[PDB]
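Peer 1: Hey, dropping start-v3.txt in here, compact mmCIF, N, CA and C atoms:
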# COMPACT_ATOMS: atom_id res chain seq x y z
N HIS A 27 0.85 -1.23 0.00
CA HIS A 27 0.00 0.00 0.00
C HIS A 27 0.87 1.25 0.00
N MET A 28 0.56 2.18 -0.90
CA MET A 28 1.27 3.46 -0.94
C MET A 28 0.39 4.58 -0.40
N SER A 29 0.88 5.24 0.64
CA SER A 29 0.21 6.39 1.22
C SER A 29 0.35 7.60 0.29
N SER A 30 -0.72 8.37 0.17
CA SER A 30 -0.70 9.57 -0.67
C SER A 30 -1.55 10.69 -0.09
N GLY A 31 -1.16 11.93 -0.38
CA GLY A 31 -1.91 13.10 0.06
C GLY A 31 -1.05 14.11 0.78
N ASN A 32 -1.04 14.01 2.11
CA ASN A 32 -0.44 15.03 2.96
C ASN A 32 1.10 15.00 3.03
N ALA A 33 1.73 15.36 1.91
CA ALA A 33 3.17 15.64 1.91
C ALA A 33 3.42 17.04 2.46
N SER A 34 4.55 17.21 3.15
CA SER A 34 4.96 18.52 3.66
C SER A 34 5.26 19.48 2.51
N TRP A 35 5.02 20.78 2.74
CA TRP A 35 5.41 21.82 1.80
C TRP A 35 6.92 21.97 1.72
N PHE A 36 7.62 21.57 2.78
CA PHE A 36 9.08 21.76 2.86
C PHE A 36 9.86 20.45 2.80
N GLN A 37 11.15 20.55 2.48
CA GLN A 37 12.03 19.39 2.59
C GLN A 37 12.13 18.95 4.05
N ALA A 38 12.54 17.71 4.25
CA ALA A 38 12.77 17.14 5.57
C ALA A 38 14.08 17.62 6.18
N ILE A 39 14.15 17.60 7.50
CA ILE A 39 15.43 17.60 8.19
C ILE A 39 15.70 16.15 8.58
N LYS A 40 16.97 15.77 8.63
CA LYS A 40 17.31 14.36 8.76
C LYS A 40 18.30 14.22 9.89
N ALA A 41 18.02 13.27 10.78
CA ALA A 41 18.96 12.90 11.83
C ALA A 41 20.25 12.41 11.19
N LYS A 42 21.38 12.73 11.80
CA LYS A 42 22.67 12.29 11.27
C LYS A 42 22.91 10.81 11.55
N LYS A 43 22.31 10.32 12.63
CA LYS A 43 22.45 8.91 13.01
C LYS A 43 21.21 8.33 13.67
N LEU A 44 21.22 7.01 13.84
CA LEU A 44 20.14 6.30 14.52
C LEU A 44 20.02 6.76 15.97
N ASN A 45 18.86 6.48 16.58
CA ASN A 45 18.60 6.79 17.99
C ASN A 45 18.83 8.26 18.38
N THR A 46 18.34 9.17 17.54
CA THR A 46 18.50 10.59 17.78
C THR A 46 17.24 11.15 18.44
N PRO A 47 17.41 11.97 19.50
CA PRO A 47 16.26 12.63 20.15
C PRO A 47 15.58 13.62 19.21
N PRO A 48 14.37 14.11 19.57
CA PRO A 48 13.71 15.11 18.71
C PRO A 48 14.55 16.37 18.49
N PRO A 49 14.32 17.08 17.37
CA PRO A 49 15.09 18.28 17.09
C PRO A 49 14.75 19.38 18.08
N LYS A 50 15.75 20.16 18.45
CA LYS A 50 15.56 21.38 19.22
C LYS A 50 15.92 22.51 18.29
N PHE A 51 15.26 23.65 18.42
CA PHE A 51 15.52 24.76 17.51
C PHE A 51 16.05 26.00 18.21
N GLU A 52 17.09 26.59 17.62
CA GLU A 52 17.49 27.97 17.91
C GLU A 52 16.50 28.86 17.16
N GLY A 53 15.93 29.85 17.84
CA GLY A 53 14.85 30.65 17.27
C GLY A 53 13.54 29.88 17.29
N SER A 54 12.61 30.26 16.40
CA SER A 54 11.24 29.73 16.42
C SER A 54 11.11 28.28 15.97
N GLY A 55 11.97 27.88 15.04
CA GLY A 55 11.90 26.56 14.41
C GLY A 55 10.86 26.46 13.31
N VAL A 56 10.21 27.58 13.01
CA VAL A 56 9.24 27.67 11.92
C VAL A 56 10.03 28.03 10.66
N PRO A 57 9.87 27.24 9.58
CA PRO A 57 10.59 27.49 8.33
C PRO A 57 10.25 28.86 7.74
N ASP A 58 11.23 29.49 7.09
CA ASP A 58 10.98 30.74 6.37
C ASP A 58 9.86 30.53 5.36
N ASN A 59 8.88 31.44 5.40
CA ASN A 59 7.81 31.50 4.40
C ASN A 59 7.14 32.87 4.46
N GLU A 60 7.43 33.71 3.47
CA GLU A 60 6.84 35.05 3.40
C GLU A 60 5.33 35.03 3.12
N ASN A 61 4.84 33.94 2.53
CA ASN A 61 3.43 33.83 2.13
C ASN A 61 2.53 33.22 3.21
N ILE A 62 2.76 33.61 4.46
CA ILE A 62 1.94 33.22 5.59
C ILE A 62 1.81 34.44 6.50
N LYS A 63 0.59 34.73 6.96
CA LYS A 63 0.37 35.77 7.97
C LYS A 63 1.17 35.42 9.23
N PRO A 64 1.79 36.43 9.87
CA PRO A 64 2.55 36.19 11.11
C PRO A 64 1.74 35.49 12.20
N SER A 65 0.43 35.77 12.26
CA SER A 65 -0.48 35.14 13.22
C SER A 65 -0.55 33.63 13.03
N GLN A 66 -0.29 33.18 11.80
CA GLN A 66 -0.38 31.77 11.44
C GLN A 66 1.00 31.09 11.33
N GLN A 67 2.03 31.75 11.86
CA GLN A 67 3.39 31.21 11.83
C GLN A 67 3.62 30.22 12.97
N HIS A 68 2.96 29.06 12.86
CA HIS A 68 3.07 28.00 13.85
C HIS A 68 2.74 26.66 13.23
N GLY A 69 3.38 25.62 13.75
CA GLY A 69 3.14 24.28 13.27
C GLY A 69 3.88 23.26 14.09
N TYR A 70 4.02 22.07 13.51
CA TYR A 70 4.71 20.96 14.18
C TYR A 70 5.66 20.26 13.23
N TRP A 71 6.73 19.73 13.80
CA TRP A 71 7.60 18.79 13.11
C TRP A 71 7.19 17.40 13.53
N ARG A 72 7.08 16.50 12.56
CA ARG A 72 6.65 15.13 12.81
C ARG A 72 7.69 14.11 12.34
N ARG A 73 8.03 13.19 13.23
CA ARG A 73 9.02 12.17 12.95
C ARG A 73 8.47 11.12 12.00
N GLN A 74 9.31 10.73 11.05
CA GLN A 74 9.04 9.60 10.17
C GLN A 74 10.23 8.64 10.17
N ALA A 75 9.99 7.44 10.69
CA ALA A 75 10.95 6.35 10.62
C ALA A 75 11.27 6.06 9.16
N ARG A 76 12.56 5.99 8.85
CA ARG A 76 12.97 5.70 7.48
C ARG A 76 13.65 4.35 7.37
N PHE A 77 13.59 3.79 6.16
CA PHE A 77 14.17 2.48 5.90
C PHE A 77 14.86 2.46 4.54
N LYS A 78 15.77 1.50 4.39
CA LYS A 78 16.51 1.29 3.16
C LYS A 78 16.53 -0.22 2.89
N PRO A 79 16.38 -0.63 1.62
CA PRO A 79 16.45 -2.05 1.28
C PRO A 79 17.66 -2.74 1.90
N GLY A 80 17.44 -3.93 2.45
CA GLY A 80 18.50 -4.74 3.03
C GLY A 80 18.45 -6.16 2.50
N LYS A 81 19.53 -6.90 2.68
CA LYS A 81 19.57 -8.30 2.25
C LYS A 81 18.56 -9.13 3.06
N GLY A 82 18.54 -8.90 4.37
CA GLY A 82 17.61 -9.57 5.27
C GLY A 82 16.20 -8.98 5.26
N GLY A 83 16.01 -7.92 4.48
CA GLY A 83 14.70 -7.29 4.33
C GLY A 83 14.79 -5.82 3.99
N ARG A 84 14.66 -4.99 5.02
CA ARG A 84 14.83 -3.54 4.92
C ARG A 84 15.42 -3.04 6.23
N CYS A 85 16.44 -2.19 6.14
CA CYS A 85 17.18 -1.76 7.32
C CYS A 85 16.92 -0.30 7.71
N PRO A 86 16.96 -0.01 9.02
CA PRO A 86 16.71 1.34 9.55
C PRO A 86 17.71 2.38 9.06
N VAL A 87 17.17 3.53 8.70
CA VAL A 87 17.94 4.70 8.31
C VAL A 87 17.57 5.79 9.32
N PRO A 88 18.47 6.75 9.59
CA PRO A 88 18.12 7.78 10.57
C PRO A 88 16.81 8.52 10.26
N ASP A 89 16.09 8.93 11.31
CA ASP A 89 14.78 9.57 11.17
C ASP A 89 14.85 10.83 10.31
N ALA A 90 13.73 11.12 9.66
CA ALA A 90 13.45 12.40 9.06
C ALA A 90 12.30 13.04 9.82
N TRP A 91 12.30 14.37 9.86
CA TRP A 91 11.20 15.12 10.47
C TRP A 91 10.67 16.09 9.44
N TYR A 92 9.34 16.18 9.34
CA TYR A 92 8.68 17.05 8.35
C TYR A 92 7.79 18.07 9.04
N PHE A 93 7.78 19.28 8.50
CA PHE A 93 6.98 20.36 9.06
C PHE A 93 5.60 20.48 8.43
N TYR A 94 4.61 20.73 9.29
CA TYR A 94 3.24 20.96 8.86
C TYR A 94 2.68 22.11 9.68
N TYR A 95 1.95 23.00 9.01
CA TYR A 95 1.22 24.05 9.69
C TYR A 95 0.13 23.40 10.55
N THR A 96 -0.09 23.96 11.73
CA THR A 96 -1.08 23.47 12.69
C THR A 96 -2.43 23.20 12.02
N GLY A 97 -2.98 22.02 12.29
CA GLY A 97 -4.29 21.64 11.76
C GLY A 97 -4.26 21.06 10.36
N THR A 98 -3.05 20.81 9.86
CA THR A 98 -2.81 20.13 8.58
C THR A 98 -1.90 18.92 8.80
N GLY A 99 -1.86 18.02 7.82
CA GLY A 99 -0.95 16.88 7.82
C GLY A 99 -1.41 15.68 8.63
N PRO A 100 -0.50 14.70 8.84
CA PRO A 100 -0.84 13.47 9.56
C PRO A 100 -1.37 13.72 10.98
N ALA A 101 -1.00 14.85 11.57
CA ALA A 101 -1.45 15.19 12.92
C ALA A 101 -2.38 16.41 12.92
N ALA A 102 -3.15 16.57 11.84
CA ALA A 102 -4.15 17.63 11.74
C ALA A 102 -5.13 17.68 12.92
N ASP A 103 -5.34 16.54 13.58
CA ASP A 103 -6.29 16.42 14.70
C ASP A 103 -5.84 17.14 15.97
N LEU A 104 -4.55 17.48 16.04
CA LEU A 104 -3.98 18.03 17.26
C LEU A 104 -4.07 19.55 17.30
N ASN A 105 -4.21 20.08 18.52
CA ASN A 105 -4.11 21.50 18.78
C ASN A 105 -2.68 21.84 19.17
N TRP A 106 -2.24 23.05 18.85
CA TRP A 106 -0.87 23.46 19.14
C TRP A 106 -0.49 23.17 20.59
N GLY A 107 0.59 22.42 20.78
CA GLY A 107 1.07 22.11 22.13
C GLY A 107 0.71 20.73 22.66
N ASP A 108 -0.26 20.07 22.03
CA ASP A 108 -0.67 18.72 22.44
C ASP A 108 0.52 17.73 22.48
N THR A 109 0.59 16.94 23.55
CA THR A 109 1.63 15.91 23.70
C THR A 109 1.36 14.73 22.78
N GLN A 110 2.38 14.34 22.01
CA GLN A 110 2.33 13.20 21.10
C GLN A 110 3.76 12.81 20.76
N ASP A 111 4.10 11.53 20.94
CA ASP A 111 5.42 11.03 20.58
C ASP A 111 5.65 11.30 19.11
N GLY A 112 6.81 11.89 18.80
CA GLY A 112 7.19 12.17 17.42
C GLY A 112 6.64 13.48 16.88
N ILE A 113 6.22 14.37 17.79
CA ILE A 113 5.69 15.69 17.44
C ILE A 113 6.37 16.76 18.29
N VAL A 114 6.97 17.75 17.62
CA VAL A 114 7.61 18.91 18.26
C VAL A 114 6.88 20.17 17.77
N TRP A 115 6.36 20.97 18.70
CA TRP A 115 5.61 22.18 18.36
C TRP A 115 6.49 23.41 18.26
N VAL A 116 6.21 24.24 17.25
CA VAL A 116 6.99 25.45 16.97
C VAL A 116 6.07 26.64 16.67
N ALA A 117 6.53 27.84 17.02
CA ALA A 117 5.76 29.07 16.84
C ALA A 117 6.68 30.28 16.86
N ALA A 118 6.41 31.23 15.97
CA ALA A 118 7.20 32.46 15.90
C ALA A 118 6.59 33.52 16.80
N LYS A 119 7.37 34.56 17.10
CA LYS A 119 6.85 35.73 17.78
C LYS A 119 5.77 36.34 16.89
N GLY A 120 4.62 36.61 17.49
CA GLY A 120 3.49 37.21 16.78
C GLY A 120 2.43 36.19 16.41
N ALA A 121 2.75 34.92 16.61
CA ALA A 121 1.84 33.84 16.28
C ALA A 121 0.73 33.67 17.32
N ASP A 122 -0.49 33.51 16.81
CA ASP A 122 -1.66 33.14 17.59
C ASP A 122 -1.95 31.69 17.23
N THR A 123 -1.64 30.78 18.16
CA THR A 123 -1.66 29.34 17.90
C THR A 123 -3.07 28.75 17.78
N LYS A 124 -4.08 29.58 18.01
CA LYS A 124 -5.48 29.20 17.79
C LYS A 124 -5.88 29.31 16.32
N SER A 125 -5.21 30.20 15.60
CA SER A 125 -5.50 30.45 14.19
C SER A 125 -5.16 29.24 13.31
N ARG A 126 -5.87 29.12 12.19
CA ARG A 126 -5.67 28.03 11.26
C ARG A 126 -5.47 28.55 9.84
N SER A 127 -4.38 28.13 9.21
CA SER A 127 -4.11 28.50 7.83
C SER A 127 -4.91 27.60 6.89
N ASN A 128 -5.02 28.03 5.63
CA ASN A 128 -5.59 27.20 4.57
C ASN A 128 -4.50 26.62 3.69
N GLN A 129 -3.27 26.65 4.20
CA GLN A 129 -2.09 26.17 3.50
C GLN A 129 -2.24 24.71 3.04
N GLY A 130 -2.99 23.93 3.82
CA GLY A 130 -3.20 22.51 3.52
C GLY A 130 -1.87 21.80 3.37
N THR A 131 -1.83 20.78 2.52
CA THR A 131 -0.58 20.07 2.25
C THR A 131 -0.18 20.12 0.78
N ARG A 132 1.01 19.62 0.47
CA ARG A 132 1.56 19.71 -0.88
C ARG A 132 1.22 18.49 -1.73
N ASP A 133 0.76 18.73 -2.95
CA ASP A 133 0.58 17.67 -3.94
C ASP A 133 1.86 17.53 -4.76
N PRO A 134 2.63 16.44 -4.53
CA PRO A 134 3.91 16.26 -5.20
C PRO A 134 3.77 16.15 -6.72
N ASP A 135 2.57 15.85 -7.19
CA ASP A 135 2.27 15.79 -8.63
C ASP A 135 2.26 17.18 -9.26
N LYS A 136 2.01 18.20 -8.44
CA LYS A 136 1.88 19.58 -8.92
C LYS A 136 3.02 20.49 -8.43
N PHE A 137 3.40 20.37 -7.16
CA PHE A 137 4.42 21.24 -6.58
C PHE A 137 5.61 20.48 -6.00
N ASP A 138 6.81 20.98 -6.30
CA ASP A 138 8.04 20.54 -5.67
C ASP A 138 8.11 21.10 -4.25
N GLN A 139 8.93 20.48 -3.39
CA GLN A 139 9.10 20.92 -2.00
C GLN A 139 9.82 22.27 -1.91
N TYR A 140 9.44 23.09 -0.93
CA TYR A 140 10.16 24.33 -0.68
C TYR A 140 11.48 24.04 0.00
N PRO A 141 12.55 24.74 -0.42
CA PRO A 141 13.79 24.66 0.35
C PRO A 141 13.60 25.20 1.76
N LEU A 142 14.27 24.57 2.72
CA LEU A 142 14.20 24.95 4.12
C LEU A 142 15.22 26.01 4.48
N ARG A 143 14.74 27.10 5.06
CA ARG A 143 15.59 28.16 5.57
C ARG A 143 15.04 28.59 6.93
N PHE A 144 15.95 28.87 7.86
CA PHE A 144 15.63 29.37 9.20
C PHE A 144 16.47 30.62 9.44
N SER A 145 15.94 31.79 9.11
CA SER A 145 16.71 33.03 9.27
C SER A 145 16.96 33.37 10.73
N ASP A 146 16.19 32.75 11.62
CA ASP A 146 16.30 33.00 13.06
C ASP A 146 17.03 31.89 13.85
N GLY A 147 17.70 30.98 13.16
CA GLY A 147 18.42 29.88 13.83
C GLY A 147 18.41 28.57 13.07
N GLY A 148 17.62 27.61 13.56
CA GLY A 148 17.50 26.30 12.92
C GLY A 148 17.67 25.16 13.91
N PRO A 149 17.54 23.90 13.44
CA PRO A 149 17.66 22.75 14.33
C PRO A 149 19.08 22.53 14.81
N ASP A 150 19.21 21.78 15.91
CA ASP A 150 20.51 21.50 16.52
C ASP A 150 21.40 20.62 15.64
N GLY A 151 22.66 20.47 16.05
CA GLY A 151 23.66 19.76 15.24
C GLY A 151 23.42 18.27 15.04
N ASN A 152 22.43 17.71 15.73
CA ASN A 152 22.01 16.33 15.49
C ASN A 152 21.37 16.16 14.12
N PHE A 153 21.00 17.29 13.52
CA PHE A 153 20.21 17.29 12.30
C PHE A 153 20.86 18.03 11.14
N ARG A 154 20.54 17.58 9.93
CA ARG A 154 21.03 18.20 8.72
C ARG A 154 19.90 18.22 7.69
N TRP A 155 20.14 18.88 6.56
CA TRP A 155 19.20 18.84 5.44
C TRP A 155 19.92 19.16 4.13
N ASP A 156 19.38 18.67 3.02
CA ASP A 156 20.02 18.84 1.70
C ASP A 156 19.98 20.29 1.25
N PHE A 157 21.01 20.69 0.50
CA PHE A 157 20.99 22.02 -0.09
C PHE A 157 20.09 22.05 -1.30
N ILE A 158 19.14 22.98 -1.31
CA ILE A 158 18.37 23.29 -2.51
C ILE A 158 18.39 24.81 -2.68
N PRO A 159 18.74 25.29 -3.90
CA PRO A 159 18.74 26.73 -4.11
C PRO A 159 17.34 27.31 -4.07
N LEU A 160 17.23 28.53 -3.55
CA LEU A 160 15.96 29.25 -3.46
C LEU A 160 15.45 29.65 -4.84
Please lay out the structure from this file as structure tokens.

Peer 2:
Amino acid sequence: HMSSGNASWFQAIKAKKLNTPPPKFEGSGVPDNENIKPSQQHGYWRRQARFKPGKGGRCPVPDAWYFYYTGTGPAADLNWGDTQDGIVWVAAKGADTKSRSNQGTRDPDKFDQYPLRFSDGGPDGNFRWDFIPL
């Protein structure tokens, strides 16, 4: 079965190794995006276990975490701040975490992922992400 629909608007951040704790952010941890009202500058990072083909089956690869605006994505059911394993909540100064964007999710058939930029900091050194030009 192939899951389809709620892909993140942004590229993933990726743990450098196995058994890595959730990302911590310098600054807000909300990805750069000029096309969002400041009131709606809030969301969550969600962990996705990754795998790679193996001889014995498929082998673990370090986790990826994907960003979703609050009330969208695999954890659309959650309110900002709700406790859930594999969910880290983020919000910028000026954000009203009750507000809901219509950003929805990305259709990979129509739109490529946005490059990730954090002008106010970014995730800790446990994490990395691929270079994509703006």

Peer 1: Grab the atom N of residue 152 (chain A) to atom C of residue 79 (chain A) distance for me, in Å with one decimal place.

Peer 2: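 If I compute the distance from atom N of residue 152 (chain A) to atom C of residue 79 (chain A), I get 25.1 Å.
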
Peer 1: Hey, what does DSSP flag as strand (DSSP E or B) within region 27-68 of chain A? Can you give it to me as a ChimeraX atom specification?

Peer 2: /A:33,36,39-41,51-52,68

Peer 1: Show me, as a tab-separated table, the residues of region 49-70 of chain A having an atom within 9 Å of region 107-118 of chain A, each with the closest atom pair and its distance in Å, using only C-alpha atoms.

Peer 2:
residue	atom	partner	partner_atom	distance
A:49	CA	A:114	CA	7.6
A:50	CA	A:114	CA	8.4
A:51	CA	A:116	CA	8.6
A:53	CA	A:118	CA	8.0
A:54	CA	A:118	CA	4.9
A:55	CA	A:116	CA	5.6
A:56	CA	A:116	CA	6.0
A:64	CA	A:118	CA	7.6
A:65	CA	A:118	CA	8.6
A:66	CA	A:117	CA	8.6
A:67	CA	A:118	CA	5.7
A:68	CA	A:117	CA	4.2
A:69	CA	A:116	CA	5.5
A:70	CA	A:115	CA	4.4

Peer 1: Once you have the residues from the selection above, write them out as a compact mmCIF listing (two decimals), keeping the file's coordinate frame, restricted to N, CA and C atoms.

Peer 2:
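Listing of part_38.txt after writing:
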# COMPACT_ATOMS: atom_id res chain seq x y z
N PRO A 49 14.32 17.08 17.37
CA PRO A 49 15.09 18.28 17.09
C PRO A 49 14.75 19.38 18.08
N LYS A 50 15.75 20.16 18.45
CA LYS A 50 15.56 21.38 19.22
C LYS A 50 15.92 22.51 18.29
N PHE A 51 15.26 23.65 18.42
CA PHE A 51 15.52 24.76 17.51
C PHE A 51 16.05 26.00 18.21
N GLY A 53 15.93 29.85 17.84
CA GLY A 53 14.85 30.65 17.27
C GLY A 53 13.54 29.88 17.29
N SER A 54 12.61 30.26 16.40
CA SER A 54 11.24 29.73 16.42
C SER A 54 11.11 28.28 15.97
N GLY A 55 11.97 27.88 15.04
CA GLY A 55 11.90 26.56 14.41
C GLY A 55 10.86 26.46 13.31
N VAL A 56 10.21 27.58 13.01
CA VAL A 56 9.24 27.67 11.92
C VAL A 56 10.03 28.03 10.66
N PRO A 64 1.79 36.43 9.87
CA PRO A 64 2.55 36.19 11.11
C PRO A 64 1.74 35.49 12.20
N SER A 65 0.43 35.77 12.26
CA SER A 65 -0.48 35.14 13.22
C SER A 65 -0.55 33.63 13.03
N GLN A 66 -0.29 33.18 11.80
CA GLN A 66 -0.38 31.77 11.44
C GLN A 66 1.00 31.09 11.33
N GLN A 67 2.03 31.75 11.86
CA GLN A 67 3.39 31.21 11.83
C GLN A 67 3.62 30.22 12.97
N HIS A 68 2.96 29.06 12.86
CA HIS A 68 3.07 28.00 13.85
C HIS A 68 2.74 26.66 13.23
N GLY A 69 3.38 25.62 13.75
CA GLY A 69 3.14 24.28 13.27
C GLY A 69 3.88 23.26 14.09
N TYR A 70 4.02 22.07 13.51
CA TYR A 70 4.71 20.96 14.18
C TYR A 70 5.66 20.26 13.23

Peer 1: Using only N, CA and C atoms for the distances, tell me which of A:137, A:29, A:129, A:43 is nearest to residue 154 (chain A).

Peer 2: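 Between A:137, A:29, A:129, A:43, the residue approaching residue 154 (chain A) most closely is A:43.
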
Peer 1: From the list A:105, A:134, A:141, A:30, which residue is nearest residue 122 (chain A) when using only C-alpha atoms?

Peer 2: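 Using only C-alpha atoms, the shortest distance to residue 122 (chain A) belongs to A:105.
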
Peer 1: Could you check how far atom C of residue 35 (chain A) sits from atom N of residue 104 (chain A), in Å to one decimal?

Peer 2: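 About the pair atom C of residue 35 (chain A) and atom N of residue 104 (chain A): they are 18.9 Å apart.
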
Peer 1: So how many Å separate atom N of residue 106 (chain A) and atom C of residue 75 (chain A), to one decimal?

Peer 2: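 According to the coordinates, atom N of residue 106 (chain A) and atom C of residue 75 (chain A) are separated by 23.8 Å.
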
Peer 1: To test the calculation: enclose all listed atoms of region 144-157 of chain A in a box whose edges run along x, y and z, add 4 Å on each side, then state centre and edge lengths in Å to one decimal, as lines of an AutoDock Vina configuration file.

Peer 2:
center_x = 19.6
center_y = 24.8
center_z = 7.6
size_x = 16.0
size_y = 25.2
size_z = 25.8

Peer 1: Show which residues sit within 7 Å of residue 156 (chain A), as a ChimeraX atom specification. Count only N, CA and C atoms, and ignore same-chain residues fewer than 3 positions away.

Peer 2: /A:38-40

Peer 1: Could you write those residues out with N, CA and C atoms, as a short mmCIF file (atom, residue, chain, number, x, y, z; two decimals), in the coordinates of the input?

Peer 2:
data_model
loop_
_atom_site.label_atom_id
_atom_site.label_comp_id
_atom_site.auth_asym_id
_atom_site.auth_seq_id
_atom_site.Cartn_x
_atom_site.Cartn_y
_atom_site.Cartn_z
N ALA A 38 12.54 17.71 4.25
CA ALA A 38 12.77 17.14 5.57
C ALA A 38 14.08 17.62 6.18
N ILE A 39 14.15 17.60 7.50
CA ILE A 39 15.43 17.60 8.19
C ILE A 39 15.70 16.15 8.58
N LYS A 40 16.97 15.77 8.63
CA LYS A 40 17.31 14.36 8.76
C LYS A 40 18.30 14.22 9.89
#

Peer 1: For residue 97 (chain A), which residue among A:130, A:28, A:63, A:160 is the nearest when counting all atoms listed in the file?

Peer 2: A:130

Peer 1: Which of these residues is nearest to residue 37 (chain A), using only C-alpha atoms: A:86, A:120, A:151, A:57?

Peer 2: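 When distances to residue 37 (chain A) are compared using only C-alpha atoms, the smallest one comes from A:57.
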